[PDB]
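> show me the folded form of this:
(6 chains, ligands or ions: 30)
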There are 6 protein chains.
Amino acid sequence: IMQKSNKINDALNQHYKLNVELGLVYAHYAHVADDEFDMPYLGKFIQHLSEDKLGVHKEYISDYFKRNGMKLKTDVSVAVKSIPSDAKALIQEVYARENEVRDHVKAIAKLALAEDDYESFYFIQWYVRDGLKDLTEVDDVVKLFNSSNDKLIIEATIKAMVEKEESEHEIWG
Amino acid sequence: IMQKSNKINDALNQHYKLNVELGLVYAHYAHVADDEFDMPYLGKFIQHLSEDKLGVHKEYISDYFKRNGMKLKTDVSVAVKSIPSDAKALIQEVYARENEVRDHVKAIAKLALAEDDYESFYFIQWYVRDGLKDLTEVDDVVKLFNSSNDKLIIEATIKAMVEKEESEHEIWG
Amino acid sequence: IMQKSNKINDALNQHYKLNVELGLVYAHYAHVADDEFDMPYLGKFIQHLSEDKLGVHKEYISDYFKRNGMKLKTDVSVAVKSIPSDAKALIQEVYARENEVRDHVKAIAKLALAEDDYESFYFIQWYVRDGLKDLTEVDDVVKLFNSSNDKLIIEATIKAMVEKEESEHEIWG
Amino acid sequence: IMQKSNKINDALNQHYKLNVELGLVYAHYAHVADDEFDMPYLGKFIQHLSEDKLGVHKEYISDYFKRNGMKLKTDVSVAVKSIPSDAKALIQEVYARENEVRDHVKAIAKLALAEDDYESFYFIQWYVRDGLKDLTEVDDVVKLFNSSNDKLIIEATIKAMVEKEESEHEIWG
Amino acid sequence: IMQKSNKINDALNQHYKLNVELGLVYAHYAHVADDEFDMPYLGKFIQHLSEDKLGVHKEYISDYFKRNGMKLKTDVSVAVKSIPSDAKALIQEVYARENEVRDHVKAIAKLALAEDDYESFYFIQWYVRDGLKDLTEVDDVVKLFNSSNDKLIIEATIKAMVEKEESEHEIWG
Amino acid sequence: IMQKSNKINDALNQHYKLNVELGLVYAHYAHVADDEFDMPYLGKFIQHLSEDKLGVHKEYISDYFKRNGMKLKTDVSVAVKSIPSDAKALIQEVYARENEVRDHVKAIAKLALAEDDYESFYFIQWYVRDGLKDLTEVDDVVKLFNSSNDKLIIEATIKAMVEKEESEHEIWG
Ligand SMILES: [Fe+3]
Ligand SMILES: [Fe+3]
Ligand SMILES: [Fe+3]
Ligand SMILES: [Fe+3]
Ligand SMILES: [Fe+3]
Ligand SMILES: [Fe+3]
Ligand SMILES: [Fe+3]
Ligand SMILES: [Fe+3]
Ligand SMILES: [Fe+3]
Ligand SMILES: [Fe+3]
Ligand SMILES: [Fe+3]
Ligand SMILES: [Fe+3]
Ligand SMILES: [Fe+3]
Ligand SMILES: [Fe+3]
Ligand SMILES: [Fe+3]
Ligand SMILES: [Fe+3]
Ligand SMILES: [Fe+3]
Ligand SMILES: [Fe+3]
Ligand SMILES: [Fe+3]
Ligand SMILES: [Fe+3]
Ligand SMILES: [Fe+3]
Ligand SMILES: [Fe+3]
Ligand SMILES: [Fe+3]
Ligand SMILES: [Fe+3]
Ligand SMILES: [Mg+2]
Ligand SMILES: [Mg+2]
Ligand SMILES: [Mg+2]
Ligand SMILES: [Mg+2]
Ligand SMILES: [Mg+2]
Ligand SMILES: [Mg+2]
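Numbers count the residues shown, from 1 in each chain, chains lettered A, B, ... in the order given. Ligands and ions are numbered 1, 2, ... in the order given. Sure, the structure comes next:
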């Protein structure tokens, strides 16, 4: 009884890989934000997201696997061969990636219910929630690029956003 | 004047890659230590090292590059296809990897002096130092595997090692 | 044994002179920033740099000379006969001067290694480090002039930069 | 109305220059006091005076100029080509320089009253006062050289003088 | 890879021996300072230096050897068969010994760079620095013997020097 | 009257020498305990004993000599040419050395009573006491090697022993 679903194991190993690779992409994007686009705080925002992906987002999968019999796989391939043209497009790319995460997570959740893996549906709930929260954070920054033509005004708004004490929303935080 | 050495840029992009990949290998090795070898604290030791490699060890290279004109490259390929047989061999593998780091760093330092990049020789000093410190930490754990046949005695010694307040040595810490 | 290198003495007397004269140039540039360019905080930034050059940068050379047998020379000649046209060009000039310092320091370090003056190579390490740090601080301000067309937005960003508690970077601070 | 006196501007640019150059001379004299005359505290006394001259004494002129329309000039030429023979003569030279300052300041004050620059006469009052205070401090040290033949007794008296909390006199401090 | 240099091992075993023997010489010199020369505080100064040599100066070599594969050797031979004639000559002898240390350390540093032992060049940096610092401390005392003919005035100056809170210099402390 | 016994002077100069040489042997034995025998805490125990011998045990003899007219002699010869085979034998050797100290001290005490040097018999009482205390501390560690076959269990018992607040016994502490 209680034998691990191989399918969920595969999808979560795939989510582990996505989280690792996203984080590494975000670490380059953070560097470029400062280095090339002169936006040090947009860089700090993206670095914080790199650390989330290469941290908690991956941590929980491994912890879960240790508890249920699922196997971890580490197969990582990532190369940043092109960079977006400007800072607005960089945050817009981050956004697109976050939106894709939401679709990937929906699929793990549908699979769990089809496999009757209720422990796995419970586990995915964190990711269903962080999916929307993480998109909301990124969207808030994207908005600024369409709200000002001054990079320093935007930079100061991001700074304040980063230096806020992160009080969680009751449903989404 | 003050034009970046392309060679150092390449060697440090190579060190960035090594640090990223090592960390990802250590994250799998940490998981296996607990999951398969029943050694949760050896796992925490290796997880702490994964975070060092995917954190500060990589952070400083990027920061340096932002200050001098050097370009960051992100090209990462890693797959954990084989796992060591037991826990002693896992820490012994970590050791071998740390020892190699020391040789790689020696090479960046010799290159800097040959290229007359004194800013770069200064920057590598952190890594010349952490090279020995990181090996010393790992060796201290390896020693235990040859000092006891009881995994729980070893586990308790590692626990204490992890929960020590990390007071830095004057030269090496 | 342990007889002072006359060459290093000369190069460091030359660095002492550069630091004194730079500081005096920065004191005029600070005045002009406020007086003519209406940028009081860019003035405070440059005044802080004047004080660094006419303070610690010179202090250590004299202290070193007192410890090793080297002679101090005081021969100072400086006249500010032309002023840059605008504030962006003023910070850009400061930058150029800081970049030159980095080349001068590289030369003292190469000389020390060639003269086998290891005490002197150790002493120059502060200056190899401050060379990059000081350039990084100036570059951060230059960036702003290309990031906004509003002098008051730039001024407010500089203000915050000056009123930050100066937490040192592990390698460069 | 309220148009700056060109004469006062010139005299104060001349006082700025004197203060800069005096400070640089005092910085060498401080070094020599310790290095050659074995009097580290006489060195600290003179270093404190170097910093006063290259600091507040110059700062106020620039601040004043920013408020009234006067132009700052930076033309500095100084070389220490001869050093006094002993420590008594070094402090005696400092004294002579301070006494000259008092005559220079008297001249700015007489000029202000003749030019009806009452703002400028007010501004010079700090310097009329510091002129006597600064001479008094130096005289107190000179006295010691005629009060003892032991350099270490003198050194200890200077030490105490430097480490006093500097409580200002009601008129002169 | 990373195999210890036998030459550095030998030079550092030689520095270990020098530090042990110097400390033992300083312990006798401290005793004589009080016992024969009636200078208890010069004795405390030299005793503090004995403890530095037989402590940290030796400790770090052993610690280093434990980290890199180098072997420690303990072969100590020292006899104090002659004593200096007076106290000035005793501190002058200490000085000469400290000056020699500086030359010995220069040699370890040149050797490291020739052997491409960058870990060893890093390790020697403490000793390149303490070499000058330790000489500076001793020189400060020697100066006093040429600054007064009263042993009690000198003694009181040494006392204050010993009872100072030892605030480190940024480069040399 | 009150003229120093030459015999006691000789025996105490001999005890000074023994204490210096023992400490240096213990410093090597401490290094070997960690380096070769993988017992870092046995190393700390022996290092603490090295410091006792090269510290207080020697300090008091010199202090005594300064008070009574006795002459200090510094003639030290020590070489560690052989090392014990294992850790049990290392602590057993330390023990043998401590036991010998007890016999040497008995002899100084018998001599004092025969020479009617009551000040010297009083002085030796510290050493009669520390002789037994120091043996007791070492015996407590030796016991462990016959109480367990696990080096890590022994190591943990030593650790606790070292990190105890050293509360003195009424007679022996
Ligand atoms: Fe930045
Ligand atoms: Fe967050
Ligand atoms: Fe169903
Ligand atoms: Fe998230
Ligand atoms: Fe667990
Ligand atoms: Fe760590
Ligand atoms: Fe070269
Ligand atoms: Fe590390
Ligand atoms: Fe203002
Ligand atoms: Fe600063
Ligand atoms: Fe050379
Ligand atoms: Fe600086
Ligand atoms: Fe001094
Ligand atoms: Fe003052
Ligand atoms: Fe009038
Ligand atoms: Fe003044
Ligand atoms: Fe005394
Ligand atoms: Fe000290
Ligand atoms: Fe070479
Ligand atoms: Fe020292
Ligand atoms: Fe250790
Ligand atoms: Fe003890
Ligand atoms: Fe009797
Ligand atoms: Fe004892
Ligand atoms: Mg399958
Ligand atoms: Mg290339
Ligand atoms: Mg010359
Ligand atoms: Mg005119
Ligand atoms: Mg050999
Ligand atoms: Mg005799």
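
> ok, the nearest residue to residue A:39 once chain neighbours are set aside - how many residues close by?
Of all residues not flanking residue A:39 in the chain, residue A:33 sits nearest, at 4.8 Å (C-beta to C-beta, 6 or more residues apart in numbering or on different chains). Using the backbone N, CA and C atoms, a C-beta is placed for each residue, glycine as well. Residue A:33 is flanked by 25 other residues according to other C-beta atoms under 10 Å in any protein chain shown.

> so which elements touch the helix or strand residue A:33 falls within?
For residue A:33, the element it lies in under DSSP states H and E is helix A:6-35. With contacts defined as 3 or more C-beta pairs under 8 Å, 6 or more residues apart in numbering or on different chains; DSSP states H and E, helix A:6-35 has these neighbours: helix A:40-53, helix A:56-68, strand A:75-79, helix A:87-114, helix B:56-68.

> near chain B at all, stretch A:96-111?
No: judged by C-beta under 8 Å from any C-beta of the partner chain, stretch A:96-111 stays clear of chain B, getting no closer than 14.9 Å.

> on that earlier part again, what about the residue nearest to residue A:39, distance to chain B?
10 Å (C-beta to the nearest C-beta, to the nearest Å).

> and residue A:166, by the same measure?
Per C-beta to the nearest C-beta, residue A:166 is found 20 Å from chain B.

> tell me how far that residue lies from residue B:33.
Separation of residue A:166 from residue B:33 (C-beta to C-beta, to the nearest Å) stands at 32 Å.

> same question for residue A:101.
For residue A:101 relative to residue B:33 (C-beta to C-beta), the value is 29 Å.

> so which bits of stretch A:121-135 are buried?
Residues of stretch A:121-135 classed as buried: A:121, A:123, A:124, A:127, A:130, A:131, A:134, A:135 (neighbour count, 16 or more other C-beta atoms under 10 Å in any protein chain shown).

> out of the residues you listed, which is nearest to residue D:156?
residue A:134 (67.6 Å; C-beta to C-beta).

> look up the closest residue to whichever residue of chain A sits closest to chain D, ignoring the ones flanking it.
Using C-beta to the nearest C-beta, the single residue of chain A nearest to chain D is residue A:152, 26.0 Å away. Leaving out its chain neighbours, the residue that sits closest to residue A:152 by C-beta to C-beta, 6+ apart is residue C:148, at 4.3 Å.

> also residue A:142?
residue A:91 (5.1 Å).

> what's the answer for residue A:146, then?
residue A:88 (7.7 Å).

> give me the number of residues near that neighbour?
Residues near residue A:88, counting by other C-beta under 10 Å: 17.

> quick check: it touching residue A:142?
Yes: the pair residue A:88 and residue A:142 qualifies as a contact (C-beta atoms under 8 Å) at a distance of 7.4 Å.

> check which helices and strands whichever strand or helix holds residue A:140 is in contact with.
Secondary-structure assignment from DSSP H and E places residue A:140 in helix A:118-145. When contacts are defined as 3+ C-beta pairs under 8 Å, 6+ apart, helix A:118-145 sits against helix A:40-53, helix A:56-68, helix A:87-114, helix A:151-162.

> now it against helix A:151-162, angle please.
150 degrees (axes from the mean of the first three to the mean of the last three C-alpha atoms, to 10 degrees).

> the inter-axis angle of helix A:118-145 versus helix A:40-53?
Going by the same axes, to 10 degrees, helix A:118-145 makes 170 degrees with helix A:40-53.

> distance from helix A:118-145 to the middle of the chain?
Centre-to-centre, helix A:118-145 and its host chain are 8 Å apart (C-alpha atoms, centre = their mean, to the nearest Å).

> is any residue of that helix near ligand 4?
Yes: contact of helix A:118-145 with ligand 4 (C-beta under 5 Å from the ion) involves A:130, A:134.

> and the angle from that helix to helix A:56-68?
Using the same axes, to 10 degrees: helix A:118-145 against helix A:56-68 is 180 degrees.

> thinking again about what came up before, the residue nearest to residue A:152 contacts residue A:150, correct?
Yes: between residue C:148 and residue A:150 there is a contact under C-beta under 8 Å: 5.2 Å.

> neighbour count: these two, which is higher?
A side-by-side neighbour count of residue C:148 and residue A:150, using other C-beta under 10 Å, places residue C:148 first with 20 against 13.

> so which helix or strand takes in that one?
Going by DSSP H and E, residue C:148 is not in any helix or strand.

> against residue C:154, how distant is it?
5 Å.

> overlap of the contact sets of those two?
residue A:152 (C-beta atoms under 8 Å, 6 or more residues apart in numbering or on different chains).

> rewinding a little: so what's the residue nearest to residue A:152 up against?
Neighbouring residues of residue C:148 by C-beta under 8 Å, 6+ apart: A:150, A:151, A:152, A:153, C:154.

> as CSV, these with distance to residue E:54 would be great.
Converted to CSV, these look like this (distance: C-beta to C-beta, whole Å):
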residue, distance to residue E:54
A:150, 65
A:151, 61
A:152, 59
A:153, 63
C:154, 59
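
> which residue sits closest to residue A:14, ignoring its sequence neighbours?
Nearest in space to residue A:14, with sequence neighbours left out and distances taken as C-beta to C-beta, 6+ apart, is residue A:104 at 7.8 Å.

> quick one: contacts for that neighbour?
A:14, A:15, A:18 are the contacts of residue A:104 under C-beta under 8 Å, 6+ apart.

> check residue A:57 too.
By C-beta under 8 Å, 6+ apart, the contact set of residue A:57 is A:19, A:127, A:130.

> from those residues, pick the one nearest residue F:61.
residue A:19 (68.0 Å).

> quick one, what contacts the closest one?
Residue A:19 touches A:53, A:54, A:57, A:58, A:61, counting by C-beta under 8 Å, 6+ apart.

> wait, isn't the residue nearest to residue A:39 in contact with residue A:42?
Yes: Residue A:33 is within contact range of residue A:42, at 4.6 Å (criterion: C-beta under 8 Å).

> what sits in contact with each of these two?
Overlap of the contact sets of residue A:33 and residue A:42 (by C-beta under 8 Å, 6+ apart) consists of A:87, A:90.

> could you report the distance from residue A:62 to ligand 4?
Plainly put, residue A:62 is 16 Å away from ligand 4 if you go by C-beta to the ion, to the nearest Å.

> ugh, typo on my part, it should be residue A:67
With distances taken as C-beta to the ion, residue A:67 is found 21 Å from ligand 4.

> number of residues surrounding that residue?
Using other C-beta under 10 Å, residue A:67 is surrounded by 11 other residues.

> again, but for residue A:58
Residue A:58, neighbours per other C-beta under 10 Å, totals 21.

> not counting residues beside it along the chain, what's closest to it?
Counting by C-beta to C-beta, 6+ apart, the residue nearest residue A:58 is residue A:19, at 4.9 Å.

> in chain A, which residue sits nearest chain E?
Nearest residue of chain A to chain E: residue A:74, at 25.8 Å (C-beta to the nearest C-beta).

> quick check: that residue touching residue B:78?
Yes: look at residue A:74 against residue B:78 with C-beta under 8 Å: they come within range, at 6.9 Å.

> need the residues touching each of the two.
With C-beta under 8 Å, 6+ apart as the test, residue A:74 and residue B:78 both reach B:24, B:25.
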